[PDB]
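Undergrad: This is the structure I have questions about; it appears just below.
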Amino acid sequence: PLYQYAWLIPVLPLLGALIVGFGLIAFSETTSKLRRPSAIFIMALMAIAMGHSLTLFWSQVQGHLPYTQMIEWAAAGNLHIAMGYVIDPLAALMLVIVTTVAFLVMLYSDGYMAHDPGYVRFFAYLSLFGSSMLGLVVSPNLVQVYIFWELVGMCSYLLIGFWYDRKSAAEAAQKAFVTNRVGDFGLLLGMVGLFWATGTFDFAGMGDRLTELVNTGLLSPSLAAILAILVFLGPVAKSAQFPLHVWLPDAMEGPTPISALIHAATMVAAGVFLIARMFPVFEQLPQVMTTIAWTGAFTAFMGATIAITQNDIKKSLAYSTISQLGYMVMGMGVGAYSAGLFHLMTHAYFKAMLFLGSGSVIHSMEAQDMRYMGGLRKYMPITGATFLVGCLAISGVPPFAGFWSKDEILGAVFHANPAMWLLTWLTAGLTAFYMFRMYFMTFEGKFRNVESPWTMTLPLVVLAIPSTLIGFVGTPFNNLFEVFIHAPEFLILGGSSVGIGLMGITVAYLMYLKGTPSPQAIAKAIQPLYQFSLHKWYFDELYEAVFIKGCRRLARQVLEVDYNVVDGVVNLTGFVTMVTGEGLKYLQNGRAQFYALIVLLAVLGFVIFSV
Amino acid sequence: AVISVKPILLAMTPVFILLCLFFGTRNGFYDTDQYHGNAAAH
Amino acid sequence: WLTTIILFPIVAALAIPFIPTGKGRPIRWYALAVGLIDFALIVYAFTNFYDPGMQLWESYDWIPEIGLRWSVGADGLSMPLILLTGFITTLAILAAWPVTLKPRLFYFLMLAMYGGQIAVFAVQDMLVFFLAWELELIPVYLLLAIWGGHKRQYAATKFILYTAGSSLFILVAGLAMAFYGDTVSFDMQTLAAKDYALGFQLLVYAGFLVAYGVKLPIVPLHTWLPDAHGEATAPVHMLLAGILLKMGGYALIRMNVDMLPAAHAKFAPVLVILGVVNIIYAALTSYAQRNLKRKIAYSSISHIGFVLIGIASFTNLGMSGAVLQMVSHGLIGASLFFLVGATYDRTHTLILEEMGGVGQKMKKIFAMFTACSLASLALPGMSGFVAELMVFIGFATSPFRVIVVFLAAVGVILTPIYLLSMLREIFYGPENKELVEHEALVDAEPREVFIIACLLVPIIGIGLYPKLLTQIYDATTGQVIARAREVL
Amino acid sequence: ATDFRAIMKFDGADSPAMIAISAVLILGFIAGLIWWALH
Ligand SMILES: CCCCCCCCCCCCCCCCCC(=O)OC[C@H](CO[C@@H]1O[C@H](CO)[C@H](O)[C@H](O)[C@H]1O)OC(=O)CCCCCCCCCCCCCCCCC
Ligand SMILES: CC1=C(/C=C/C(C)=C/C=C\C(C)=C\C=C\C=C(C)\C=C\C=C(C)\C=C\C2=C(C)CCCC2(C)C)C(C)(C)CCC1
């Protein structure tokens, strides 16, 4: 049956890429001119994976218990290492999300990539991405949530640096790799600690052993807390949360399909995915849930504040998705396990729609700047309508899914620690503002400066269907999402969000559509907080000043010590045994009488210390 | 269960020897198209 | 078998001086056939290699007047490295096709140091060990001084001087342990089964250390490495960086953990802090260095710290992490320095800021070099990460081991800094102007791609299912560490 | 030295005084740690 060849899911795409990789290295010209059949081959592989995952998801919602099939990977005398797969319902959900988004985006990128070199290497990278993340999801243990959690990082390095002809992509890829290696430093120390203390890594025994040990002594209270925030320092890098957020928007120098996978709930979700599968390390530690929550909250306020003053559409959606990841991490912090993943399962669809629509408009712009693209929708009906739907999703207007997601999380934040409410609330207002000036500046008005495919547009509709219909698996009258995903009246609270969103959309309508206030003179006047938040909260300059200079100076501080204080000391040995020879030969002077001296006077000292 | 390297090696190394002798013939840049040098790095 | 393995390359090398030619072509095929036949002898003598001790040892008697015996012996701890040298020196010869300057001497010295590298592992006599350790000097000296580099004078001279003056206490130490009692042993086993007092255990240990810490360069005992690995062509370098450092590590294991365990237990913290110093030091000195080759040499110096930590641990896992790191770096650095040699051959330049965007026309070396660079750092799916992870786990499982892990994991951040900065400086960006008018090398002739593909298959096969390489020495390392814990 | 002329362009790092008070820190660091390790 199924559940035996579940390991087959990462292998088909990988294999595809592998073959195509051997086709890009050997037989380069053929596979470079063999564009579309390789594409649909990789697509068939991902489609088999998608059908397999869908059948698993159906067999798991219908009813079954999890089926893990592990194997011993690295062995030694007493201890062991396990590396296999488990299929719990959360894994199946994330699996189907990954597969569907990857299939649709692969079809999209069949059209996004015009006559262009690198049409097959792209799909090779993208199938490797599929394998990597699909293998990350199916993971009983934590060591396997580092292997693929870094394979996805290198694949992001590759995809960002697709256009290696350019210079900005190289720096962006280097940055987005190094920041994730900081995250790896964190999670690696956390793993080595959780193995040092407990003696196993399975996400369930790791909690039983921790609560058992803390019931006794042998480590407490901050000796189980230091190696629990290090684990969280991985998601901070991979889910773009504060303070490791600078890598995500600069990764937008890469293509749009890429930026739609690795900014949907496919890669950055991995962070919160980890936080889902580690609550049996965090639930028995209320000293770090608070840290996680306020981290997510400050991230939300950050991404909401920066995106307003931006003018580049893609680089604005970057801070938007940072903010939404912040909402999810907030929900993870204060208790909620089955409400952060609802926003995840909703955010893997409308944000991808927005990125794909951005790719469509920037492709139909012969750039990238909202200020130089005025009223479209005279030629972009489908893209504009679906962008509008995804824009409604990330704000109020309750029939759409993002309200049903950003009501549960807000309710959880209100019942527990309502001080963190009233900041998230205005932040939702800021979402409603920037996402609708992203529309009124872009798809409505007069086309200021100076037309839509088919393959590029079907995915947007196929994702618009979820983004309007996902909200109805929440809805706390017949809630099915919380029962299928479990951890091991309300109008006064909900309608406030819709009212604040109406405030935001109204302030956006009267300000960019016609502009009866002064969008320029509100920032070309006394107010300096347009410069701030357009220099993106100087963190970038801060790191480039204090940190990148630090190692770059310390390297010389060490290397001259190496080339002078270490090397010169031993070369001095050769110098000494050279000058000794140069100065001792003068004993030999070319005089027989000097030998007559130091022959018999050379001895007669040998008699003095003799008798 | 456990997998052993012995038949893997026995199956790979003849292919390695044959492909080594084969790709020894396949060459290029070093012959005439460029590279007046002599493989010394001076 | 081992005697045939060691003597057939050397004996067949003595035929090269009387071997027809018109320009220099039929020498390299002969050398490659010799290397391939000998590798076949390795892997065919590996069929009858069961997997605890010397699974085959063929002793003889040359000089009974001293105690010298031609005691070859394979082992779980020495057979992977024998395979490694038999594979990687063959691929060095399969990389040295364009050698036109004095090819007879090239393919004689290369075959001489092909038996001079299998012998150091397939030897159990402490005098013949010294002989084989020593006979790497003149061949490497000529390999560096004739072809390869402008500073090759200072490099080769410094190499031979340091690897003679620190090939110095190995004999002294073998003697110092040979005549403690009333038996003229000169044999690994018979001399490991002797009770050595602490008063000179930790003196003979330092004698071994001054030797095994210059070839496995530790804190200042490295300054020969940048000069000898910078002024060196690729196929020379593959040997010099993939086998000899492993020779130091192997001999360190077998002479300081089976044979002086009581002093090992007292000095191991030194090796540990030295290893993390090695990592951070080499990584900073690599990110500072700008040329192209010295960078990767310091990267090797960085990667050896995992070996120091894994040997200076005391569990059954750190040792395997060390050996796995060794077999990993032997496969990684070889491809790295091969690609560096190729890139120099196409550009006739090493310096980074003097070239950029070369990956627009020379867009075959860029992929291979990116892959080997990802393999250098502790990337999962490869053997470079399995070693690091096993080192961390095994060490922490055993200097209050929470600070040294924190300092050794800095390499995880600090390796991609200079590697990816090197990639950015070389291959990314817009093509240079006519300042680079060397005609960007016709992207890696299939013959280079085969080299790196056959170096890049075993590494992935290890990184996915590492037991392939660990099935070899689970028994031997188990016995070694059982002994070293039985003392304590 | 004069070879290290790149983005690595810190001026006050090649002088003998700064090299001395850098080697002091590095040697004292390894020495504090070797004393921490033995004891
Ligand atoms: C039986 C077990 C099976 C398991 C095997 C597991 C290993 C899996 C390996 C899968 C490798 C998939 C990647 C394939 C992409 C190759 C792309 C290529 O060769 O481009 C080669 C391209 C060829 O260039 C392409 O084709 C034409 C060539 O003329 C065009 O002109 C353009 O160059 C471009 O279209 O080279 C370049 O021009 C650009 C190079 C860009 C840099 C790519 C380096 C990527 C290397 C990643 C390798 C990671 C593998 C290690 C990680 C292992 C993870 C387990
Ligand atoms: C010989 C030998 C060995 C080996 C063995 C083993 C370990 C094996 C395994 C094997 C296996 C188990 C296999 C696997 C396979 C895989 C593959 C097949 C993949 C990869 C490859 C390829 C595909 C490549 C390609 C490329 C290039 C070349 C460049 C870059 C890009 C790419 C990556 C694409 C050892 C080490 C012991 C030692 C020495 C000798």
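In order, the residues displayed for chain C correspond to 6-24, 27-58, 62-408, 414-503 in Swiss-Prot numbering, which applies throughout.
Each Cβ is built from the backbone N, Cα and C atoms, and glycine gets one as well.
Swiss-Prot feature annotations, pasted as is:
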TRANSMEM  C:36-56  transmembrane segment
TRANSMEM  C:91-111  transmembrane segment
TRANSMEM  C:115-135  transmembrane segment
TRANSMEM  C:137-157  transmembrane segment
TRANSMEM  C:169-189  transmembrane segment
TRANSMEM  C:209-229  transmembrane segment
TRANSMEM  C:243-263  transmembrane segment
TRANSMEM  C:277-297  transmembrane segment
TRANSMEM  C:314-334  transmembrane segment
TRANSMEM  C:335-355  transmembrane segment
TRANSMEM  C:387-407  transmembrane segment
TRANSMEM  C:417-437  transmembrane segment
Undergrad: By Cβ distance under 8 Å, which residues at least 6 away from the ends of the transmembrane segment (C:335-355) in the same chain are close to it?
TA: 90-91, 94, 98, 101-102, 105, 108, 239, 243-245, 247-248, 251-253, 255-256, 259-260, 302-303, 306, 309-310, 313-314, 316-317, 320, 368, 372, 375, 378-379, 382-383, 385-386, 392-394, 396-398, 401, 441, 456, 459, 463, 466-467, 470-471, 473-474, 477, 484
Undergrad: By Cβ distance under 8 Å, which residues at least 6 away from the ends of the transmembrane segment (C:137-157) in the same chain are close to it?
TA: 76-78, 80-81, 109, 111-112, 115-116, 119-120, 122-123, 126-127, 129-130, 163, 165-166, 169-170, 173-174, 177, 180-181, 184, 196, 238, 241-243, 246, 250, 254, 257, 261
Undergrad: Using a Cβ-Cβ cut-off of under 8 Å, list the residues of the same chain that are 6+ residues beyond the ends of the transmembrane segment (C:417-437) and lie near it.
TA: 282-283, 285-286, 289-290, 293-294, 296-297, 302, 305, 309, 312, 315-316, 319, 362, 383, 386-388, 398, 401-402, 405-406
Undergrad: Who are the long-range neighbours of the transmembrane segment (C:115-135) in its own chain, taking Cβ under 8 Å and residues 6 or more past its ends?
TA: 7, 10-12, 14-15, 17-19, 21-22, 34-35, 37-38, 41-42, 45, 64, 67, 78-84, 88, 91-92, 95-96, 99, 102-103, 106, 109, 142-143, 145-146, 149-150, 152-153, 156-157, 196-199, 245, 249, 253-254, 257, 260-261
Undergrad: Which of C:243-263, C:277-297, C:314-334 shares the most C-beta pairs under 8 angstroms with the transmembrane segment (C:209-229)?
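TA: So the stretch in question is C:243-263.
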